[PDB]
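Below: entry.pdb (PDB, N, CA and C atoms)
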```pdb
MODEL        1
ATOM      1  N   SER A   7     -17.767  12.698  16.805
ATOM      2  CA  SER A   7     -16.556  12.431  15.956
ATOM      3  C   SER A   7     -16.768  12.379  14.433
ATOM      4  N   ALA A   8     -15.757  12.833  13.699
ATOM      5  CA  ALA A   8     -15.691  12.730  12.287
ATOM      6  C   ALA A   8     -14.931  11.422  11.863
ATOM      7  N   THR A   9     -14.292  10.800  12.833
ATOM      8  CA  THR A   9     -13.621   9.477  12.517
ATOM      9  C   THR A   9     -14.697   8.379  12.666
ATOM     10  N   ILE A  10     -14.443   7.206  12.092
ATOM     11  CA  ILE A  10     -15.407   6.076  12.330
ATOM     12  C   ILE A  10     -14.626   5.066  13.233
ATOM     13  N   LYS A  11     -15.406   4.394  14.057
ATOM     14  CA  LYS A  11     -14.796   3.332  14.891
ATOM     15  C   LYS A  11     -14.974   2.040  14.134
ATOM     16  N   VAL A  12     -13.887   1.265  13.994
ATOM     17  CA  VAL A  12     -13.984   0.020  13.234
ATOM     18  C   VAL A  12     -13.520  -1.094  14.170
ATOM     19  N   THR A  13     -14.007  -2.309  13.839
ATOM     20  CA  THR A  13     -13.719  -3.466  14.763
ATOM     21  C   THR A  13     -13.265  -4.638  13.899
ATOM     22  N   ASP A  14     -12.804  -5.692  14.532
ATOM     23  CA  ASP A  14     -12.468  -6.897  13.761
ATOM     24  C   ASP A  14     -13.649  -7.382  12.905
ATOM     25  N   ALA A  15     -14.874  -7.264  13.435
ATOM     26  CA  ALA A  15     -16.046  -7.742  12.618
ATOM     27  C   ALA A  15     -16.367  -6.812  11.487
ATOM     28  N   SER A  16     -16.064  -5.497  11.613
ATOM     29  CA  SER A  16     -16.454  -4.584  10.533
ATOM     30  C   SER A  16     -15.331  -4.207   9.625
ATOM     31  N   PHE A  17     -14.132  -4.693   9.930
ATOM     32  CA  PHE A  17     -12.923  -4.250   9.250
ATOM     33  C   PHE A  17     -13.082  -4.375   7.742
ATOM     34  N   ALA A  18     -13.400  -5.579   7.277
ATOM     35  CA  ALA A  18     -13.377  -5.847   5.843
ATOM     36  C   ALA A  18     -14.356  -4.975   5.113
ATOM     37  N   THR A  19     -15.515  -4.758   5.658
ATOM     38  CA  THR A  19     -16.470  -3.953   4.866
ATOM     39  C   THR A  19     -16.332  -2.466   5.049
ATOM     40  N   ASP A  20     -15.836  -2.018   6.209
ATOM     41  CA  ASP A  20     -15.654  -0.547   6.463
ATOM     42  C   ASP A  20     -14.343  -0.065   5.870
ATOM     43  N   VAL A  21     -13.322  -0.898   5.821
ATOM     44  CA  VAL A  21     -11.998  -0.389   5.390
ATOM     45  C   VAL A  21     -11.563  -1.062   4.102
ATOM     46  N   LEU A  22     -11.527  -2.419   4.037
ATOM     47  CA  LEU A  22     -10.960  -3.056   2.917
ATOM     48  C   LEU A  22     -11.834  -2.889   1.652
ATOM     49  N   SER A  23     -13.146  -2.621   1.871
ATOM     50  CA  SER A  23     -14.061  -2.468   0.713
ATOM     51  C   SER A  23     -14.336  -1.046   0.386
ATOM     52  N   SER A  24     -13.666  -0.088   1.041
ATOM     53  CA  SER A  24     -13.993   1.344   0.789
ATOM     54  C   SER A  24     -13.618   1.787  -0.639
ATOM     55  N   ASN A  25     -14.444   2.684  -1.166
ATOM     56  CA  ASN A  25     -14.132   3.266  -2.472
ATOM     57  C   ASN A  25     -13.215   4.457  -2.429
ATOM     58  N   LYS A  26     -12.774   4.818  -1.254
ATOM     59  CA  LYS A  26     -11.802   5.880  -1.170
ATOM     60  C   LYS A  26     -10.774   5.517  -0.134
ATOM     61  N   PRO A  27      -9.738   6.306  -0.017
ATOM     62  CA  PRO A  27      -8.641   5.929   0.865
ATOM     63  C   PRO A  27      -9.150   6.007   2.319
ATOM     64  N   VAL A  28      -8.568   5.077   3.148
ATOM     65  CA  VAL A  28      -8.942   5.063   4.551
ATOM     66  C   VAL A  28      -7.646   5.067   5.381
ATOM     67  N   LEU A  29      -7.551   6.032   6.297
ATOM     68  CA  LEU A  29      -6.414   6.047   7.242
ATOM     69  C   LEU A  29      -6.877   5.411   8.534
ATOM     70  N   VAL A  30      -6.210   4.269   8.867
ATOM     71  CA  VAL A  30      -6.600   3.524  10.080
ATOM     72  C   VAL A  30      -5.596   3.798  11.195
ATOM     73  N   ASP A  31      -6.151   4.274  12.295
ATOM     74  CA  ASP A  31      -5.359   4.465  13.559
ATOM     75  C   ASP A  31      -5.491   3.254  14.498
ATOM     76  N   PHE A  32      -4.375   2.491  14.618
ATOM     77  CA  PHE A  32      -4.285   1.385  15.629
ATOM     78  C   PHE A  32      -3.861   2.062  16.934
ATOM     79  N   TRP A  33      -4.758   2.080  17.891
ATOM     80  CA  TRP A  33      -4.504   2.799  19.137
ATOM     81  C   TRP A  33      -4.726   1.919  20.344
ATOM     82  N   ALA A  34      -4.214   2.289  21.518
ATOM     83  CA  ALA A  34      -4.582   1.589  22.739
ATOM     84  C   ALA A  34      -4.680   2.535  23.881
ATOM     85  N   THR A  35      -5.456   2.134  24.863
ATOM     86  CA  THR A  35      -5.630   3.055  25.991
ATOM     87  C   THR A  35      -4.357   3.204  26.816
ATOM     88  N   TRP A  36      -3.459   2.235  26.806
ATOM     89  CA  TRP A  36      -2.211   2.352  27.607
ATOM     90  C   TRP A  36      -1.160   3.162  26.892
ATOM     91  N   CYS A  37      -1.379   3.520  25.614
ATOM     92  CA  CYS A  37      -0.376   4.158  24.810
ATOM     93  C   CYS A  37      -0.506   5.660  24.919
ATOM     94  N   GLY A  38       0.476   6.246  25.636
ATOM     95  CA  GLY A  38       0.285   7.659  25.931
ATOM     96  C   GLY A  38       0.216   8.486  24.591
ATOM     97  N   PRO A  39       1.085   8.215  23.619
ATOM     98  CA  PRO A  39       1.014   9.000  22.361
ATOM     99  C   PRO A  39      -0.303   8.852  21.619
ATOM    100  N   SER A  40      -1.030   7.768  21.891
ATOM    101  CA  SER A  40      -2.384   7.644  21.271
ATOM    102  C   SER A  40      -3.213   8.883  21.627
ATOM    103  N   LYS A  41      -3.015   9.468  22.806
ATOM    104  CA  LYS A  41      -3.744  10.653  23.265
ATOM    105  C   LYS A  41      -3.326  11.981  22.537
ATOM    106  N   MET A  42      -2.124  11.973  21.993
ATOM    107  CA  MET A  42      -1.679  13.101  21.110
ATOM    108  C   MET A  42      -2.249  12.919  19.735
ATOM    109  N   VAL A  43      -2.249  11.682  19.235
ATOM    110  CA  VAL A  43      -2.729  11.471  17.885
ATOM    111  C   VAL A  43      -4.234  11.739  17.693
ATOM    112  N   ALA A  44      -5.027  11.410  18.715
ATOM    113  CA  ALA A  44      -6.471  11.453  18.586
ATOM    114  C   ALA A  44      -7.002  12.829  18.110
ATOM    115  N   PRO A  45      -6.608  13.937  18.783
ATOM    116  CA  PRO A  45      -7.228  15.232  18.280
ATOM    117  C   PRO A  45      -6.693  15.632  16.925
ATOM    118  N   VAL A  46      -5.476  15.216  16.554
ATOM    119  CA  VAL A  46      -4.979  15.489  15.222
ATOM    120  C   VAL A  46      -5.817  14.768  14.166
ATOM    121  N   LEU A  47      -6.119  13.483  14.428
ATOM    122  CA  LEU A  47      -6.888  12.792  13.466
ATOM    123  C   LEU A  47      -8.358  13.269  13.398
ATOM    124  N   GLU A  48      -8.945  13.770  14.491
ATOM    125  CA  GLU A  48     -10.297  14.345  14.420
ATOM    126  C   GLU A  48     -10.274  15.560  13.477
ATOM    127  N   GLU A  49      -9.242  16.365  13.593
ATOM    128  CA  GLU A  49      -9.116  17.517  12.635
ATOM    129  C   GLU A  49      -8.934  17.147  11.215
ATOM    130  N   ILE A  50      -8.016  16.180  10.907
ATOM    131  CA  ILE A  50      -7.860  15.691   9.548
ATOM    132  C   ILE A  50      -9.165  15.067   9.040
ATOM    133  N   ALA A  51      -9.878  14.295   9.882
ATOM    134  CA  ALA A  51     -11.100  13.611   9.412
ATOM    135  C   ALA A  51     -12.119  14.694   8.993
ATOM    136  N   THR A  52     -12.217  15.764   9.769
ATOM    137  CA  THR A  52     -13.186  16.848   9.454
ATOM    138  C   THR A  52     -12.758  17.615   8.203
ATOM    139  N   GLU A  53     -11.486  17.988   8.150
ATOM    140  CA  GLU A  53     -10.958  18.779   7.042
ATOM    141  C   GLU A  53     -10.886  18.053   5.715
ATOM    142  N   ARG A  54     -10.695  16.723   5.720
ATOM    143  CA  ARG A  54     -10.459  15.998   4.509
ATOM    144  C   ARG A  54     -11.578  15.007   4.244
ATOM    145  N   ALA A  55     -12.768  15.258   4.816
ATOM    146  CA  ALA A  55     -13.933  14.340   4.778
ATOM    147  C   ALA A  55     -14.309  13.982   3.344
ATOM    148  N   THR A  56     -14.177  14.896   2.373
ATOM    149  CA  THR A  56     -14.570  14.501   1.027
ATOM    150  C   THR A  56     -13.597  13.486   0.398
ATOM    151  N   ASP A  57     -12.297  13.472   0.790
ATOM    152  CA  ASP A  57     -11.306  12.728   0.102
ATOM    153  C   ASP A  57     -10.864  11.440   0.844
ATOM    154  N   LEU A  58     -11.142  11.433   2.132
ATOM    155  CA  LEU A  58     -10.410  10.417   3.001
ATOM    156  C   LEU A  58     -11.374  10.041   4.127
ATOM    157  N   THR A  59     -11.401   8.707   4.477
ATOM    158  CA  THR A  59     -12.123   8.284   5.689
ATOM    159  C   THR A  59     -10.983   8.010   6.737
ATOM    160  N   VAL A  60     -11.260   8.432   7.961
ATOM    161  CA  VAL A  60     -10.276   8.145   9.077
ATOM    162  C   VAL A  60     -10.986   7.186  10.069
ATOM    163  N   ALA A  61     -10.326   6.021  10.318
ATOM    164  CA  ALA A  61     -10.971   5.006  11.185
ATOM    165  C   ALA A  61     -10.069   4.742  12.363
ATOM    166  N   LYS A  62     -10.704   4.352  13.454
ATOM    167  CA  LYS A  62      -9.919   4.016  14.671
ATOM    168  C   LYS A  62     -10.217   2.560  15.038
ATOM    169  N   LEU A  63      -9.111   1.870  15.267
ATOM    170  CA  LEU A  63      -9.215   0.396  15.652
ATOM    171  C   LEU A  63      -8.531   0.245  17.023
ATOM    172  N   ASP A  64      -9.311  -0.008  18.076
ATOM    173  CA  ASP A  64      -8.725  -0.162  19.436
ATOM    174  C   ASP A  64      -8.136  -1.572  19.509
ATOM    175  N   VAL A  65      -6.839  -1.658  19.657
ATOM    176  CA  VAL A  65      -6.209  -2.987  19.601
ATOM    177  C   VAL A  65      -6.550  -3.709  20.919
ATOM    178  N   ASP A  66      -6.972  -3.024  21.957
ATOM    179  CA  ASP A  66      -7.306  -3.681  23.223
ATOM    180  C   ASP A  66      -8.478  -4.653  23.052
ATOM    181  N   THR A  67      -9.341  -4.398  22.075
ATOM    182  CA  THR A  67     -10.577  -5.148  21.950
ATOM    183  C   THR A  67     -10.703  -5.760  20.563
ATOM    184  N   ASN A  68      -9.701  -5.573  19.706
ATOM    185  CA  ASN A  68      -9.722  -6.039  18.315
ATOM    186  C   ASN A  68      -8.364  -6.589  17.956
ATOM    187  N   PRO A  69      -8.036  -7.753  18.528
ATOM    188  CA  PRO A  69      -6.717  -8.306  18.322
ATOM    189  C   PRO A  69      -6.542  -8.875  16.972
ATOM    190  N   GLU A  70      -7.561  -9.386  16.275
ATOM    191  CA  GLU A  70      -7.323 -10.028  15.005
ATOM    192  C   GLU A  70      -6.737  -9.039  13.964
ATOM    193  N   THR A  71      -7.346  -7.798  13.921
ATOM    194  CA  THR A  71      -6.913  -6.921  12.838
ATOM    195  C   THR A  71      -5.447  -6.434  13.128
ATOM    196  N   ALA A  72      -5.159  -6.213  14.405
ATOM    197  CA  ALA A  72      -3.782  -5.833  14.760
ATOM    198  C   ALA A  72      -2.805  -6.942  14.345
ATOM    199  N   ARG A  73      -3.101  -8.193  14.682
ATOM    200  CA  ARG A  73      -2.240  -9.308  14.291
ATOM    201  C   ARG A  73      -2.153  -9.508  12.772
ATOM    202  N   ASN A  74      -3.260  -9.262  12.078
ATOM    203  CA  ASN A  74      -3.354  -9.471  10.639
ATOM    204  C   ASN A  74      -2.512  -8.546   9.867
ATOM    205  N   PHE A  75      -2.290  -7.320  10.408
ATOM    206  CA  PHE A  75      -1.383  -6.338   9.786
ATOM    207  C   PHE A  75      -0.036  -6.161  10.492
ATOM    208  N   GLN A  76       0.229  -7.168  11.315
ATOM    209  CA  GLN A  76       1.552  -7.181  12.004
ATOM    210  C   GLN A  76       1.869  -5.887  12.747
ATOM    211  N   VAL A  77       0.814  -5.407  13.434
ATOM    212  CA  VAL A  77       1.000  -4.159  14.287
ATOM    213  C   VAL A  77       1.761  -4.559  15.534
ATOM    214  N   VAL A  78       2.896  -3.896  15.737
ATOM    215  CA  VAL A  78       3.699  -4.169  16.941
ATOM    216  C   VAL A  78       4.038  -2.911  17.704
ATOM    217  N   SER A  79       3.795  -1.750  17.174
ATOM    218  CA  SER A  79       4.113  -0.523  17.868
ATOM    219  C   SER A  79       2.832   0.270  17.851
ATOM    220  N   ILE A  80       2.548   1.037  18.889
ATOM    221  CA  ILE A  80       1.381   1.862  18.919
ATOM    222  C   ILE A  80       1.827   3.305  19.193
ATOM    223  N   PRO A  81       1.343   4.293  18.446
ATOM    224  CA  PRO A  81       0.407   4.214  17.378
ATOM    225  C   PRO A  81       1.024   3.641  16.103
ATOM    226  N   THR A  82       0.201   2.924  15.298
ATOM    227  CA  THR A  82       0.553   2.655  13.917
ATOM    228  C   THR A  82      -0.611   3.144  13.098
ATOM    229  N   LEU A  83      -0.318   3.896  12.056
ATOM    230  CA  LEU A  83      -1.369   4.337  11.154
ATOM    231  C   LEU A  83      -1.133   3.678   9.819
ATOM    232  N   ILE A  84      -2.184   3.107   9.218
ATOM    233  CA  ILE A  84      -1.999   2.540   7.928
ATOM    234  C   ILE A  84      -3.011   3.183   6.992
ATOM    235  N   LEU A  85      -2.494   3.597   5.803
ATOM    236  CA  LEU A  85      -3.387   4.142   4.773
ATOM    237  C   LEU A  85      -3.720   3.031   3.809
ATOM    238  N   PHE A  86      -4.996   2.793   3.619
ATOM    239  CA  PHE A  86      -5.492   1.754   2.709
ATOM    240  C   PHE A  86      -6.093   2.402   1.444
ATOM    241  N   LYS A  87      -5.810   1.760   0.307
ATOM    242  CA  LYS A  87      -6.487   2.135  -0.966
ATOM    243  C   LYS A  87      -6.807   0.826  -1.679
ATOM    244  N   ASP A  88      -8.074   0.689  -2.000
ATOM    245  CA  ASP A  88      -8.516  -0.479  -2.800
ATOM    246  C   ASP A  88      -8.181  -1.781  -2.120
ATOM    247  N   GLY A  89      -8.349  -1.827  -0.786
ATOM    248  CA  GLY A  89      -8.134  -3.089  -0.073
ATOM    249  C   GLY A  89      -6.688  -3.431   0.284
ATOM    250  N   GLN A  90      -5.725  -2.529   0.001
ATOM    251  CA  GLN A  90      -4.332  -2.783   0.208
ATOM    252  C   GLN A  90      -3.711  -1.669   1.066
ATOM    253  N   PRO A  91      -2.840  -2.028   1.999
ATOM    254  CA  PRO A  91      -2.117  -1.001   2.698
ATOM    255  C   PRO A  91      -1.146  -0.363   1.714
ATOM    256  N   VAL A  92      -1.049   0.948   1.706
ATOM    257  CA  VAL A  92      -0.112   1.692   0.787
ATOM    258  C   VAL A  92       0.923   2.475   1.536
ATOM    259  N   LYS A  93       0.665   2.782   2.809
ATOM    260  CA  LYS A  93       1.682   3.491   3.650
ATOM    261  C   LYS A  93       1.449   3.177   5.088
ATOM    262  N   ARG A  94       2.563   3.040   5.803
ATOM    263  CA  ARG A  94       2.570   2.679   7.210
ATOM    264  C   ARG A  94       3.386   3.701   7.986
ATOM    265  N   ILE A  95       2.753   4.293   8.988
ATOM    266  CA  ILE A  95       3.341   5.351   9.781
ATOM    267  C   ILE A  95       3.344   4.925  11.236
ATOM    268  N   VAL A  96       4.531   4.848  11.842
ATOM    269  CA  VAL A  96       4.629   4.347  13.201
ATOM    270  C   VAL A  96       5.053   5.442  14.110
ATOM    271  N   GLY A  97       4.327   5.693  15.160
ATOM    272  CA  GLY A  97       4.608   6.746  16.140
ATOM    273  C   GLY A  97       3.867   8.005  15.761
ATOM    274  N   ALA A  98       3.795   8.917  16.708
ATOM    275  CA  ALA A  98       3.120  10.207  16.543
ATOM    276  C   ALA A  98       3.992  11.220  15.791
ATOM    277  N   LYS A  99       3.600  11.553  14.563
ATOM    278  CA  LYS A  99       4.494  12.363  13.655
ATOM    279  C   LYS A  99       4.060  13.840  13.696
ATOM    280  N   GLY A 100       2.883  14.085  14.181
ATOM    281  CA  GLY A 100       2.279  15.466  14.183
ATOM    282  C   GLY A 100       1.472  15.734  12.927
ATOM    283  N   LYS A 101       0.601  16.721  13.037
ATOM    284  CA  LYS A 101      -0.342  16.993  11.959
ATOM    285  C   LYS A 101       0.373  17.346  10.693
ATOM    286  N   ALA A 102       1.422  18.160  10.764
ATOM    287  CA  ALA A 102       1.950  18.644   9.473
ATOM    288  C   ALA A 102       2.592  17.539   8.733
ATOM    289  N   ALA A 103       3.285  16.661   9.416
ATOM    290  CA  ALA A 103       3.945  15.524   8.775
ATOM    291  C   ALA A 103       2.851  14.562   8.239
ATOM    292  N   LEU A 104       1.778  14.356   8.968
ATOM    293  CA  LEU A 104       0.702  13.470   8.425
ATOM    294  C   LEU A 104       0.144  14.073   7.146
ATOM    295  N   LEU A 105      -0.195  15.369   7.171
ATOM    296  CA  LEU A 105      -0.741  15.999   5.956
ATOM    297  C   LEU A 105       0.196  15.824   4.796
ATOM    298  N   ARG A 106       1.497  15.901   5.026
ATOM    299  CA  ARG A 106       2.480  15.647   3.921
ATOM    300  C   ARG A 106       2.375  14.229   3.425
ATOM    301  N   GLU A 107       2.435  13.248   4.332
ATOM    302  CA  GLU A 107       2.261  11.853   3.957
ATOM    303  C   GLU A 107       0.961  11.651   3.141
ATOM    304  N   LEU A 108      -0.144  12.328   3.502
ATOM    305  CA  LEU A 108      -1.429  12.139   2.810
ATOM    306  C   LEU A 108      -1.512  12.914   1.475
ATOM    307  N   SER A 109      -0.707  13.977   1.350
ATOM    308  CA  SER A 109      -0.718  14.882   0.184
ATOM    309  C   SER A 109      -0.520  14.208  -1.161
ATOM    310  N   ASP A 110       0.347  13.209  -1.265
ATOM    311  CA  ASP A 110       0.537  12.656  -2.585
ATOM    312  C   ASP A 110      -0.370  11.469  -2.929
ATOM    313  N   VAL A 111      -0.950  10.881  -1.895
ATOM    314  CA  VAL A 111      -1.586   9.582  -2.012
ATOM    315  C   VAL A 111      -3.103   9.744  -1.960
ATOM    316  N   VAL A 112      -3.573  10.952  -1.651
ATOM    317  CA  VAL A 112      -4.989  11.173  -1.474
ATOM    318  C   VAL A 112      -5.512  12.305  -2.378
TER
ENDMDL
END
```
Structure encoded using structure tokens:
Amino acid sequence: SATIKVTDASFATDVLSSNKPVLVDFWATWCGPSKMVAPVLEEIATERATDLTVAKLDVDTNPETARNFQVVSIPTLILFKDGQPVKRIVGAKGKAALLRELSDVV
């Protein structure tokens, strides 16, 4: 994978302390659309590796970070810059719509 796996213990240093933007995928194994989002984000992570880090947070095993960002729908993608969420995307939007969302902010 070109995405990084992040956990409640690594969240702050892998995502909140990053020097570049990080797109975090809150996913779960019971969430069928999580299975559509996954290969899209592997492609974006590979294609945009110089500009953007893409991280995956499994809410099944990392409840603190999901609760901390008030995640209630899966998938939720949050783009972080400088320790702050800057955009929140809920549901599977498809690659082209994600690239548009990332186009101005990255």
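Residues lying within 6 Å of region 56-67 of chain A, counting all atoms listed in the file and ignoring same-chain neighbours fewer than 2 positions away, are residues 9, 10, 11, 12, 13, 26, 27, 28, 29, 30, 31, 32, 33, 34, 51, 53, 54 and 69 of chain A.
In this model, the gap between CA of residue 95 (chain A) and CA of residue 78 (chain A) comes to 11.9 Å.
Distance-wise, atom N of residue 18 (chain A) and CA of residue 48 (chain A) end up 21.4 Å apart.
Checking A:43, A:15, A:21, A:37 one by one against residue 101 (chain A), counting all atoms listed in the file, you find the shortest gap at A:43.
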| field | Picked from chain A by DSSP as helix (DSSP H, G or I), as an NGL selection string | value | :A and (17-22 or 40-53 or 69-74 or 101-109)
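With all atoms listed in the file as the atoms that count, the residue of A:42, A:80, A:68, A:90 with the shortest distance to residue 22 (chain A) is A:90.
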| Using all atoms listed in the file, which residue out of A:111, A:98, A:8, A:84 lies closest to residue 50 (chain A)? | A:8
| What are the DSSP strand (DSSP E) residues of chain A, as a ChimeraX atom specification? | /A:10-11,28-33,59-64,82-87,90-96
Once 8 Å is added on each side, what centre and edge lengths in Å to one decimal does the axis-aligned box around all listed atoms of region 76-94 of chain A have, as AutoDock Vina command-line options?
```
--center_x -2.2 --center_y -1.4 --center_z 8.2 --size_x 28.6 --size_y 27.5 --size_z 38.0
```
| message | One decimal, in Å: what's the spacing between atom N of residue 25 (chain A) and atom C of residue 39 (chain A)? | response | 27.5 Å
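Across A:100, A:16, A:71, A:87, the tightest approach to residue 46 (chain A) is made by A:100 when counting only N, CA and C atoms.
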Sphere at (2.5, -0.7, 9.7), radius 8 Å, counting all atoms listed in the file: residues as a JSON list (two decimals) with N, CA and C atoms, in the coordinates of the input:
```
[["chain", "number", "residue", "atom", "x", "y", "z"],
["A", 75, "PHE", "N", -2.29, -7.32, 10.41],
["A", 75, "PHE", "CA", -1.38, -6.34, 9.79],
["A", 75, "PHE", "C", -0.04, -6.16, 10.49],
["A", 76, "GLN", "N", 0.23, -7.17, 11.32],
["A", 76, "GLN", "CA", 1.55, -7.18, 12.00],
["A", 76, "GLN", "C", 1.87, -5.89, 12.75],
["A", 77, "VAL", "N", 0.81, -5.41, 13.43],
["A", 77, "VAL", "CA", 1.00, -4.16, 14.29],
["A", 77, "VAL", "C", 1.76, -4.56, 15.53],
["A", 78, "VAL", "N", 2.90, -3.90, 15.74],
["A", 78, "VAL", "CA", 3.70, -4.17, 16.94],
["A", 78, "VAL", "C", 4.04, -2.91, 17.70],
["A", 79, "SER", "N", 3.80, -1.75, 17.17],
["A", 79, "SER", "CA", 4.11, -0.52, 17.87],
["A", 79, "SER", "C", 2.83, 0.27, 17.85],
["A", 81, "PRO", "N", 1.34, 4.29, 18.45],
["A", 81, "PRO", "CA", 0.41, 4.21, 17.38],
["A", 81, "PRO", "C", 1.02, 3.64, 16.10],
["A", 82, "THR", "N", 0.20, 2.92, 15.30],
["A", 82, "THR", "CA", 0.55, 2.66, 13.92],
["A", 82, "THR", "C", -0.61, 3.14, 13.10],
["A", 83, "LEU", "N", -0.32, 3.90, 12.06],
["A", 83, "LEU", "CA", -1.37, 4.34, 11.15],
["A", 83, "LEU", "C", -1.13, 3.68, 9.82],
["A", 84, "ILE", "N", -2.18, 3.11, 9.22],
["A", 84, "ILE", "CA", -2.00, 2.54, 7.93],
["A", 84, "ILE", "C", -3.01, 3.18, 6.99],
["A", 85, "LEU", "N", -2.49, 3.60, 5.80],
["A", 85, "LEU", "CA", -3.39, 4.14, 4.77],
["A", 85, "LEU", "C", -3.72, 3.03, 3.81],
["A", 93, "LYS", "N", 0.66, 2.78, 2.81],
["A", 93, "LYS", "CA", 1.68, 3.49, 3.65],
["A", 93, "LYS", "C", 1.45, 3.18, 5.09],
["A", 94, "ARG", "N", 2.56, 3.04, 5.80],
["A", 94, "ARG", "CA", 2.57, 2.68, 7.21],
["A", 94, "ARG", "C", 3.39, 3.70, 7.99],
["A", 95, "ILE", "N", 2.75, 4.29, 8.99],
["A", 95, "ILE", "CA", 3.34, 5.35, 9.78],
["A", 95, "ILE", "C", 3.34, 4.92, 11.24],
["A", 96, "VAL", "N", 4.53, 4.85, 11.84],
["A", 96, "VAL", "CA", 4.63, 4.35, 13.20],
["A", 96, "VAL", "C", 5.05, 5.44, 14.11]]
```
